[PDB]
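Q:
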Ligand SMILES: Nc1nc2c(ncn2[C@@H]2O[C@H](COP(=O)(O)OP(=O)(O)O)[C@@H](O)[C@H]2O)c(=O)[nH]1
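Chains as they are written, first to last, in the entry's author numbering: chain FF, 1 to 430; chain 6H, 209 to 226, 241 to 259.
1. Tell me which residues share the same chain as residue 137 (chain FF) and place their Cβ nearer than 6 Å to its Cβ, disregarding the 5 neighbours each side in the sequence.
2. So is the beta-carbon of residue 418 (chain FF) under 7 Å away from any non-hydrogen atom of ligand 1?
3. State the Cα-Cα distance for the pair residue 249 (chain FF) and residue 262 (chain FF), rounded to the nearest angstrom.
4. Using the Cβ count rule (16 or more neighbours within 10 Å means buried), how would you classify residue 218 (chain 6H)?
5. Taking 8 Å as the cut-off, does the region 343-357 of chain FF touch the region 239-258 of chain FF (at least 3 CB pairs, one atom from each stretch)?
6. DSSP on residue 178 (chain FF), reduced to helix/strand/coil?
7. How big is the Cα-Cα spacing for residue 159 (chain FF) and residue 29 (chain FF)?
8. For the structure I just gave you, are there three or more beta carbon pairs, one from the region 87-103 of chain FF and one from the region 61-70 of chain FF, closer than 8 Å?
9. Got a sec: is the Cβ-Cβ distance from residue 258 (chain 6H) to anything in chain FF below 8 Å?
10. So, under 8 Å CB-CB, residue 23 (chain FF) and residue 230 (chain FF) are touching, yes? Tell me the CB distance rounded to an integer number of Å.
11. Would residue 232 (chain 6H) pass as an interface residue toward chain FF - the criterion being a Cβ-Cβ separation below 8 Å?
12. Return the CA-CA distance between residue 119 (chain FF) and residue 60 (chain FF), expressed in angstroms with no decimal places.
13. Going by C-alpha distance, which of 42 (chain FF), 109 (chain FF), 190 (chain FF), 52 (chain FF) is nearest residue 401 (chain FF)?
14. Please classify residue 260 (chain FF) as buried or exposed, where buried requires at least 16 neighbouring CB atoms within 10 angstroms.
15. Buried or exposed: which applies to residue 27 (chain FF), given that a residue is buried once 16 or more other Cβ atoms fall within 10 Å of its Cβ?
16. Name the residue from 174 (chain FF), 16 (chain FF), 117 (chain FF), 399 (chain FF) whose alpha carbon lies nearest to the alpha carbon of residue 156 (chain FF).
17. For the region 31-82 of chain FF, which segments carrying the beta strand (DSSP E) assignment without a break, of at least 3 residues, lie completely within its bounds, in sequence order?
18. Does the structure place the region 160-179 of chain FF close enough to the region 72-83 of chain FF that three or more beta carbon pairs sit under 8 Å?
19. Starting from residue 236 (chain 6H), find everything on chain FF with Cβ-Cβ shorter than 8 Å and list it in chain order.
20. When DSSP labels each residue in this structure, what does residue 313 (chain FF) get in the three-state scheme?
21. Would you be able to state if there are at least three C-beta pairs under 8 Å between the region 180-194 of chain FF and the region 274-283 of chain FF?
22. Output the boundary residues of the beta strand (DSSP E) element that contains residue 226 (chain 6H).
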């Protein structure tokens with residue numbers, strides 16, 4: 001009943017999903033053996049969105065774990081909450097991609113992806129009425145960035161009217177992990193802009209900055225980063241699972257946030273986030289939540305929104321609060337920051353209220369914003385890519401198994417066209 | 209002539225027989255259900 005399936009790809013995607021499912025199970029009161037031990041009735045009335053019913057009274061997540069090397073999935077199967085997943089849903093290759101977009105999209109993706117399409121079909125149309133798909137992956141890794149986007153293409157072709165959502169991790173050069181990042185990042189962006197309905201960008205640099213500054217903890221870990229990402233993911237779809245004053249689902253959010261068909265790259269942030277020592281020095285109130293929400297540093301991207309203009313903004317509030325206060329705060333912010341809001345879109349913030357807060361918290365907010373500042377990421381990635389591609393560095397590895405330089409030229413042209421089109425509306429006047 | 213005194217040596221080269243994982247975050251408050259309606 002308007003449920004959404006989960007497909008995670010690559011090492012990064014598997015690490016994201018292994019924590020997201022733990023967070024969801026904790027929220028819904030599902031034990032690691034799959035037996036419900038909750039405290040109220042509201043925890044089971046919409047449990048069908050993310051889970052399936054099996055014999056014996058246990059629940060199984062409707063997730064599909066696909067990858068090219070079995071090491072990551074063997075690691076996540078032995079961890080806590082690793083017994084929930086159906087062992088059939090594990091699909092793996094034998095050779096891997098080796099951080100090669102060409103290998104992950106042409107030479108092993110074509111051979112393997114048939115089985116994962118079969119399992120995606122089974123899980124998706126075994127449902128009552130599908131709501132959409134959500135994907136977690138990173139654009140810096142070969143197998144993920146290629147096979148996941150080919151999966152996006154085929155799934156979109158087979159389901160043209162469904163909602164497609166992706167949580168993308170964009171590689172930053174300040175903290176770089178792969179010397180071949182620009183190539184596969186550009187190719188993935190080109191293949192994604194044509195198909196994906198919604199895309200969100202996450203940056204490990206911004207995650208490190210948040211963990212060091214706000215939480216004020218000495219040594220962050222990928223567990224902590226995955227925890228922030230999982231909280232952000234659950235915040236978006238909480239309203240689809242719990243009753244609220246103003247209900248709003250993924251399709252509503254997309255319709256209200258996407259002005260033009262090709263502008264679907266958002267950035268997200270979460271609030272409140274306070275350190276342990278100063279956790280109770282603050283007071284949970286709507287003005288404090290909204291100021292920490294609209295704080296530029298709190299955003300999960302290195303793209304500074306103060307360098308551009310917000311096309312639209314979205315705020316999903318969790319808890320019990322007064323709609324008059326929420327609307328007054330939104331109007332006050334939109335009036336006090338008139339410069340950063342493009343003028344031909346009056347009242348350009350959407351608001352929502354959900355009565356069930358995250359566990360352990362009384363008030364929490366999920367923010368999704370589309371601002372003209374993300375073009376800096378595209379410009380920098382294109383600059384690095386063209387610098388590398390001028391001298392034909394690392395080109396033979398990609399061209400040895402099917403591609404030609406014409407597709408790279410087309411990717412550059414499309415990427416620059418996207419940049420120009422997206423910066424066009426920044427200086428537009430009414 | 210006397211060659212030397214060191215009687216045997218006879219020894220070659222020989223080699224003798226001889241948790242981050244989890245996360246640290248989150249603050250807890252008592253659960254508050256029962257929506258407004
Ligand atoms: N947020 C987050 N990012 C990760 C994690 N593990 C890896 N990454 C990022 O993923 C990138 C490498 O991805 P990769 O392992 O090559 O993906 P794959 O090729 O699909 O397996 C690196 O730049 C990391 O920053 C994680 O647990 N959390």
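Here a beta-carbon is modelled for each residue, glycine too, at the ideal position from N, C-alpha and C.
A: If we stick to the structure as given:
1. Residues 9, 10, 13, 144, 148 of the same chain have their beta carbon placed closer than 6 Å to that of residue 137 (chain FF), with the five preceding and five following residues left out of the count.
2. Residue 418 (chain FF) Cβ: outside cutoff for every heavy atom of ligand 1.
3. Put simply, the backbone Cα of residue 249 (chain FF) is about 21 Å away from that of residue 262 (chain FF).
4. Within 10 angstroms of the beta-carbon of residue 218 (chain 6H) lie fewer than 16 other beta-carbons, which makes it exposed.
5. Short answer: they touch.
6. Residue 178 (chain FF): coil per DSSP, three-state reduction.
7. Cα-Cα distance, rounded: 32 Å.
8. Contact annotation: the region 87-103 of chain FF touches the region 61-70 of chain FF, with at least three C-beta pairs closer than 8 Å.
9. Yes, contact with chain FF.
10. 4 Å between Cβ atoms; contact.
11. Within chain 6H, the sequence of modelled residues goes 226 then 241, so residue 232 (chain 6H) has no position in this structure.
12. If I take the Cα positions, the gap works out to 15 Å.
13. If we check each option's Cα against that of residue 401 (chain FF), 109 (chain FF) comes out closest.
14. Classification for residue 260 (chain FF): exposed.
15. The residue is buried, with at least 16 neighbouring Cβ atoms inside 10 Å.
16. Checking every option, the nearest Cα to that of residue 156 (chain FF) belongs to 117 (chain FF).
17. Here the runs fully enclosed are 51-54, 58-61, 63-67.
18. By the Cβ criterion, the region 72-83 of chain FF is not in contact with the region 160-179 of chain FF, since fewer than three pairs of Cβ atoms, one from each stretch, lie closer than 8 Å.
19. Note on chain 6H: numbering goes from 226 to 241 directly, and residue 236 (chain 6H) within that interval has no coordinates.
20. Residue 313 (chain FF) falls in the strand class under three-state DSSP.
21. A contact is defined here as three or more CB-CB pairs under 8 Å, and the region 274-283 of chain FF fails this definition with respect to the region 180-194 of chain FF.
22. Run containing residue 226 (chain 6H): none; DSSP gives neither H nor E here.
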